[PDB]
Each structure stands twice: as C-alpha cells, then as structure tokens.
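Undergrad: Supplied in structure tokens, the structure appears directly below.
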Amino acid sequence: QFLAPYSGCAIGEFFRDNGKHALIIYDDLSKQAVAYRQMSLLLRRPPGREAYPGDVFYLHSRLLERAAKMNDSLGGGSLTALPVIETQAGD
Amino acid sequence: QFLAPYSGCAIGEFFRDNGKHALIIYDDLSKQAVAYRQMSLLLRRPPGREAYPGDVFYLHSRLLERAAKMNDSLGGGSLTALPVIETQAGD
Amino acid sequence: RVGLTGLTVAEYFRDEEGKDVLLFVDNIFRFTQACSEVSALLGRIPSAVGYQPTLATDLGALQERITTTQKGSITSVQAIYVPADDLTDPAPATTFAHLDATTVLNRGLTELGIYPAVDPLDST
Amino acid sequence: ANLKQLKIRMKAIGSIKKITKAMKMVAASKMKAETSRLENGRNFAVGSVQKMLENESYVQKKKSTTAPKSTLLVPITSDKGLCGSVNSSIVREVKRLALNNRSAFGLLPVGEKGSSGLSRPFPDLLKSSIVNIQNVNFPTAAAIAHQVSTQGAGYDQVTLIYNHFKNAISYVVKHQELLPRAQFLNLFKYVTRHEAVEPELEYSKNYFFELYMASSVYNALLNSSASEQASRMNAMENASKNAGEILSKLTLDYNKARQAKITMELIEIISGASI
C-alpha cells in the first residue's frame, strides 16, 4: 500500500517525459498513511501528533511534487494528479 | 539557559546576606524547562510526562525557595522573586 | 482468530459446495480489540488510541476474504459497536469503509407493537 | 484541547437548550389561552361607532375634514423580555416615523421593552408609559383608553402601533388611527339620523367616545398579546435549534480531543518504557 502510489506515479511520468499527457488518480491516501504509519510503529520510530511519523509530510509531498507540467523543449508532456482524502467527521 | 536563573539568584544572595534588599525577576521559566528538558533528554535520561524530566518540579522549587526575608541577626536583608510564566492559550 | 475460524467454515461451502453462506459474527469491536491485545503483549507499539499498528492489515484480511466469487458467496452480517459513541474511532471508521449497507435497530419501534427492530430512515 | 473546559461548555449549552425547549412549551400553552380569549373577544364593538357615523349622512356634510398636524403615538410592546422579534419590529417602525420628524409626536409607550428601547433614542419626548399589566380585560383597557384620552387633548390625532395576530406563526405590524376627544365631540354633535334621547346627546357623546376608544385599545392588546406568545414560541424553537447544532459540533471536537489526549498520554508511556 505504501509503494503502490509511487509505482503508479512512475507510470504517469512515462507519458510526461515522452511529451504525452497522463492523468493519474490516487484513491484515498489516508490508507497509505495508515500503511506507512504501520511500518513506522513496527520500526520503533517515535510517533508524533495523531501517531503519525514526523516525515509523513515528505511521504506525500515527494510523490505529488513529481506531477507537473514539463516545458515544450522537453516534450510539453504533463501529469495531472487527483489525490483523494477521507475525512472522518468532515473536519 | 538552565544556569542563568540560579546564576542571577546567587547575585541576589549577596545583597540578601549583606542586610540589603534585592529584587530578582526571572523571565519565562517555561523556556528554562525546555532547556532543562533538552539538557536531560540529550543525556539519555528517562523522560517524564510531556517529555520533561521527573525532577522538573524540584528545579523551580529549589530556585524560588531561596527568596526569603532574613532575620535581623543576619542583617535583615531580603530577596524578592518575580518569576514569569508564559501560557499557550491561557490554560 | 475465532472470527476467522467461522469464516474458514463458510469458505468451504462457498468453494466446494458452491452455495451461498450467511456468516454471522459478533460485534467486530471485540475482534479488533483482541488484535490490539495480542499486539501489545508481543511488544508492538500501540496505535494512536491503543490499537495495533496492523489494524488496516489485520482487519483488511477479514473484510477482503468475505466477498462473492464464481463458486459461491459469503454474506456477512456482523454487529458494530462504537466505543464511547465516537464514530471517528479507528475501529468503526475503518469498518464503515467496507460496509455496503447498515441495519440500525431502534428501540422505539418495539414499544409501539411493531417488532421489526430495523429503522426505515436510519437504515441505509 | 483541555477536554475539561469543552465538557463544561457542552454542559452549559445542554442546560440552555433544555430551558430553551421548556420555555417553548409554556409559550405554546399560553398562546392557546390568548387565542382562546382573542377569538372570543375579537371584533367586539369594533367599527360600530365608525359604521353609524358613516351612516349619518348629515354628519358627512358637516364633517370637518382637515389634516392633523400634531398626533400622539402609543406603541404597544410586551413587557417580558426574550419574547421574540415583535418588540424590535414595533420600536423599529416608531423610531423611523419619529426620527424623521421630531416634536410632532408625544410617543406615550406601552410595555417595558417598548418604553425602555425608546427612552435613549427619544429622551424628553416620552414622559409616561404603562407596563406590568397583570391581565388583559375591558375594564383595564378602558383605564388605558381613558389615560390616552387625557393625553390626547394636546395632539390633533392618536394612533396605536401593535402586532396583528393573523396566524399562529405570522404576526404583521398594524396601526390604527383614532381622532382625539375634541374632534370627536364636535363631530358627534352633528349626529341626527340616530336619535339619542334616552340619554341626552350631551351625555351620549362622551359615553360613546369611551366605547370608540376602549374598543380599539382592547382589541389591540389582544392582537399584541397573542403575537407575543406566538413569536416567543417561534423564538425558543429557533434558539433550541441553534443550541442543539452548536452542542453537537462541540461533541465532535470533544471526541477529537479525546483521541488526541489518549494519543499524547500513550506516547509518553511508550517513551518512558522504551528507555
């Protein structure tokens, strides 16, 4: 679950780097945080607020930061992302 | 930051034991607890509630308890303490 | 694992017998609770509110093994207990992510003499 | 986030919603009584004097038709607070009609909120008011009508501002216009179609004037009193409604804070157990 989002993102970069356009959709990412939180707690790492690791931000950022619009010289390709998030009580 | 409160306190004891009157003003002690907490955590000591050391209460008590009104036999000196505390949200 | 035991009995009829099965399971709260207790004893760091870090995985296995196949189907009717009446609690929250329908039993209907406990409006 | 504080504030809103819900029950109960009294006393001798005066053809020929330059305003409002927006509506309209032109209205208020609300905006204009009415009845309405009669001599016209109870949930402001005593007598002497000899005209003119004035006052109080209980009930419903929404919202934050509390304390224990 932790690696699936990055695996799919690489498939989208293919179309991006070849001048093509791709739209990658990421189902609810809270599942990834739980999966990553699982591995973190099992690694004896110190949990932060809401039991999430301190690098949970970098987990999602590094992924979404790769989805962008390449210039025309490189091919003009793009990679659209539609991350989903589930809110417990709509807060 | 951990010794500055006690450092200035010793300077006040001079006027105290010499029958004089001195007023010491300790700025926010929460910053001392963070420095004292930081100093304790880095020493690999077991942390207490809120990550602070177990004897954090003894810290401020030992510091503030020195302020007193010496009797006339020792000169009648006095040391007045005005410690400050900063609250996050008035809690 | 007692919950998985009944599931294995149902999976036999699903695959071999090829007939539909109806798996009744007590309130899943005690299932998730037992998974948290065993995890704590083994020395795993608990979750935010004390659950095991493998909540999604431990619960996902049970919720995924229950589905329809080409041979048969296993319809699971399991009770849901919300601790402290907190819907945002991890146990019921992760469970609702899999539930397709809900049967809310109301006490008022029984008093009026109508004794299907299911509520028409609350049920979805 | 300091669960102890949130739980206390939730308890407060719960009591407010409780007392707010209870006041609505009493609001409905009293509304039933007022409507029962209104339906029985309504249209009591209303327009009677106005009708016969119209039937008097000779009166219309000699009718003195002029525009009153100075008039007296007697707004009707409820005395008990937290009764709804009916009082605010009346004090608002009279404020507009009064702030526009000053020194042309006496503004004798009726009701604690009506007079108190108009005291600061119009000082030295309103000199007396009537409040703390124990019950509504014709003898009392006549005493009020009599007082207005004494104060109406200085002004050329008198009008009453009050809420009209058209529906249990719809109360529209309505204002009647009544001529003073001096204008009534000079108009009543022309009465010739309807003979008055059992009591002589000199006595009948002053008597039927009371009936003409008390009838309007008595009817106005009922309409306003019924609107009070009606608007009060609606206000408690909206208040109890809003009280519940806020109470439910804090409950979510309470549960959210509960999870964070267990998370914080649990990590502290794990941190100490790690070493």
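Ordering of the structure tokens sets the chain letters (A, B, ...); residue numbers start at 1 within each chain; ligands are numbered from 1 in the order shown.
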Could you work out which residues of chain D fall inside 8 Å of chain C? Count only C-alpha atoms, and format the result as a list in words.
TA: residues 255, 256, 259, 260, 262, 263, 266 and 270 of chain D
Undergrad: For chain A against chain C, with a cut-off of 6 Å and counting only C-alpha atoms, what is the closest atom pair and its distance in Å to one decimal for every residue that makes the cut, ordered by chain and number, as a tab-separated table?
TA:
```
residue	atom	partner	partner_atom	distance
A:38	CA	C:53	CA	4.5
A:41	CA	C:45	CA	6.0
A:50	CA	C:48	CA	5.8
A:51	CA	C:48	CA	4.9
A:88	CA	C:88	CA	5.4
```
Undergrad: With only C-alpha atoms as the counted atoms, please give the residues lying no more than 10 Å from residue B:81, apart from itself and same-chain residues fewer than 6 positions off, as a ChimeraX atom specification.
TA: /B:9,12,22-26,63-68
Undergrad: Which residues, written as a VMD selection string, have at least one atom at most 10 Å from residue B:56, with only C-alpha atoms counted and residues fewer than 5 positions away on the same chain left out?
TA: chain B and resid 32 to 33 36 to 37 40 48 61
Undergrad: Selection from above, N, CA, C and O atoms, as a CSV table (one decimal), in the first residue's frame, can you write it?
TA:
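Once written, out-v1.csv looks like this:
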```csv
chain,number,residue,atom,x,y,z
B,32,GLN,N,13.1,27.8,30.4
B,32,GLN,CA,14.1,27.0,31.2
B,32,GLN,C,13.8,25.5,31.2
B,32,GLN,O,14.7,24.7,31.1
B,33,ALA,N,12.5,25.2,31.3
B,33,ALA,CA,12.1,23.8,31.3
B,33,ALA,C,12.4,23.1,30.0
B,33,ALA,O,12.8,22.0,30.0
B,36,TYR,N,16.1,22.8,30.2
B,36,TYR,CA,16.3,21.7,31.1
B,36,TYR,C,15.9,20.4,30.6
B,36,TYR,O,16.5,19.4,30.8
B,37,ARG,N,14.7,20.4,29.9
B,37,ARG,CA,14.3,19.1,29.3
B,37,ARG,C,15.2,18.7,28.2
B,37,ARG,O,15.6,17.5,28.1
B,40,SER,N,18.2,17.3,29.7
B,40,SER,CA,18.0,16.0,30.3
B,40,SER,C,17.8,14.9,29.2
B,40,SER,O,18.3,13.8,29.3
B,48,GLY,N,9.8,12.1,31.6
B,48,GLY,CA,8.5,12.0,32.3
B,48,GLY,C,7.4,12.5,31.5
B,48,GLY,O,7.5,12.5,30.2
B,61,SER,N,11.2,24.8,42.4
B,61,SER,CA,11.1,24.9,43.8
B,61,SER,C,12.4,25.3,44.5
B,61,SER,O,12.5,26.2,45.3
```
Undergrad: Report, in Å with one decimal, the straight-line distance from atom CA of residue B:47 to atom CA of residue C:38.
TA: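 Computing it gives 26.8 Å between the two atoms.
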Undergrad: Dump as CSV the rows for residues of chain D within 9 Å of chain B: closest atom pair and distance in Å with one decimal, only C-alpha atoms counted, ordered by chain and rising residue number.
TA:
```
residue,atom,partner,partner_atom,distance
D:2,CA,B:91,CA,7.8
D:264,CA,B:50,CA,8.3
D:265,CA,B:49,CA,7.8
D:268,CA,B:49,CA,6.0
D:269,CA,B:49,CA,8.0
D:271,CA,B:47,CA,7.2
D:272,CA,B:46,CA,5.8
D:273,CA,B:46,CA,8.5
D:274,CA,B:46,CA,8.7
D:275,CA,B:46,CA,6.2
```
Undergrad: With DSSP run on the backbone, what are the helix (DSSP H, G or I) residues within stretch 5-80 of chain A? I'd like them as a ChimeraX atom specification.
TA: /A:5-17,30-42,49-51,56-64
Undergrad: If we count only C-alpha atoms, what is near stretch 4-16 of chain C at a cut-off of 8 Å, once residues fewer than 5 positions away on the same chain are taken out, given as a PyMOL selection string?
TA: chain C and resi 21-23+62+66+71-74
Undergrad: From the options C:82, C:91, C:77, C:40, which residue's atoms come nearest to residue C:103, counting only C-alpha atoms?
TA: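 That would be C:77, the residue with the smallest distance to residue C:103.
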Undergrad: Would you please extract all strand (DSSP E) residues from chain A, as assigned by DSSP on the backbone, and give them as a list in words?
TA: residues 21, 22, 23, 24, 25, 26, 27, 28, 78, 79, 80, 81, 82, 83 and 84 of chain A
Undergrad: Give me a file of those residues, with N, CA and C atoms, as a PDB file, in the first residue's frame.
TA:
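Result file is selection-v4.pdb:
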```
ATOM      1  N   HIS A  21       0.350  13.224 -22.457  1.00  0.00           N
ATOM      2  CA  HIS A  21      -0.395  13.694 -21.300  1.00  0.00           C
ATOM      3  C   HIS A  21      -1.017  12.504 -20.583  1.00  0.00           C
ATOM      4  N   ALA A  22      -0.901  12.496 -19.256  1.00  0.00           N
ATOM      5  CA  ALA A  22      -1.441  11.424 -18.435  1.00  0.00           C
ATOM      6  C   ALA A  22      -2.144  12.018 -17.224  1.00  0.00           C
ATOM      7  N   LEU A  23      -3.224  11.362 -16.809  1.00  0.00           N
ATOM      8  CA  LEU A  23      -3.990  11.751 -15.628  1.00  0.00           C
ATOM      9  C   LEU A  23      -3.990  10.572 -14.662  1.00  0.00           C
ATOM     10  N   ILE A  24      -3.181  10.666 -13.612  1.00  0.00           N
ATOM     11  CA  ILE A  24      -3.080   9.623 -12.597  1.00  0.00           C
ATOM     12  C   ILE A  24      -3.991   9.997 -11.438  1.00  0.00           C
ATOM     13  N   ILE A  25      -4.836   9.057 -11.025  1.00  0.00           N
ATOM     14  CA  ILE A  25      -5.769   9.254  -9.924  1.00  0.00           C
ATOM     15  C   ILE A  25      -5.307   8.406  -8.751  1.00  0.00           C
ATOM     16  N   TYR A  26      -5.200   9.028  -7.581  1.00  0.00           N
ATOM     17  CA  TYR A  26      -4.783   8.356  -6.356  1.00  0.00           C
ATOM     18  C   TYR A  26      -6.005   8.228  -5.457  1.00  0.00           C
ATOM     19  N   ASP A  27      -6.445   6.995  -5.224  1.00  0.00           N
ATOM     20  CA  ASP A  27      -7.506   6.762  -4.261  1.00  0.00           C
ATOM     21  C   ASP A  27      -7.109   7.334  -2.900  1.00  0.00           C
ATOM     22  N   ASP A  28      -8.065   7.318  -1.972  1.00  0.00           N
ATOM     23  CA  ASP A  28      -7.865   7.876  -0.640  1.00  0.00           C
ATOM     24  C   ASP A  28      -6.473   7.554  -0.117  1.00  0.00           C
ATOM     25  N   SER A  78       2.695  16.371 -19.571  1.00  0.00           N
ATOM     26  CA  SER A  78       2.169  16.755 -18.271  1.00  0.00           C
ATOM     27  C   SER A  78       1.782  15.502 -17.500  1.00  0.00           C
ATOM     28  N   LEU A  79       1.421  15.701 -16.233  1.00  0.00           N
ATOM     29  CA  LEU A  79       0.995  14.601 -15.370  1.00  0.00           C
ATOM     30  C   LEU A  79       0.033  15.188 -14.341  1.00  0.00           C
ATOM     31  N   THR A  80      -1.263  15.009 -14.579  1.00  0.00           N
ATOM     32  CA  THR A  80      -2.288  15.518 -13.681  1.00  0.00           C
ATOM     33  C   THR A  80      -2.543  14.519 -12.562  1.00  0.00           C
ATOM     34  N   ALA A  81      -2.704  15.036 -11.347  1.00  0.00           N
ATOM     35  CA  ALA A  81      -2.932  14.222 -10.163  1.00  0.00           C
ATOM     36  C   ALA A  81      -4.247  14.623  -9.511  1.00  0.00           C
ATOM     37  N   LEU A  82      -4.945  13.637  -8.954  1.00  0.00           N
ATOM     38  CA  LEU A  82      -6.228  13.845  -8.285  1.00  0.00           C
ATOM     39  C   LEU A  82      -6.218  13.081  -6.967  1.00  0.00           C
ATOM     40  N   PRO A  83      -5.411  13.522  -6.004  1.00  0.00           N
ATOM     41  CA  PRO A  83      -5.363  12.826  -4.715  1.00  0.00           C
ATOM     42  C   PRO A  83      -6.688  12.922  -3.977  1.00  0.00           C
ATOM     43  N   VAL A  84      -7.037  11.840  -3.287  1.00  0.00           N
ATOM     44  CA  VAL A  84      -8.274  11.746  -2.525  1.00  0.00           C
ATOM     45  C   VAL A  84      -7.922  11.612  -1.052  1.00  0.00           C
TER      46      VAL A  84
END
```
Undergrad: Extract, using only C-alpha atoms, all DNA, RNA and protein residues at most 7 Å from stretch 32-49 of chain D, discarding same-chain residues fewer than 3 positions from it, and format them as number ranges by chain.
TA: D: 28-29, 52-53, 212, 215-216, 219, 222, 225-226
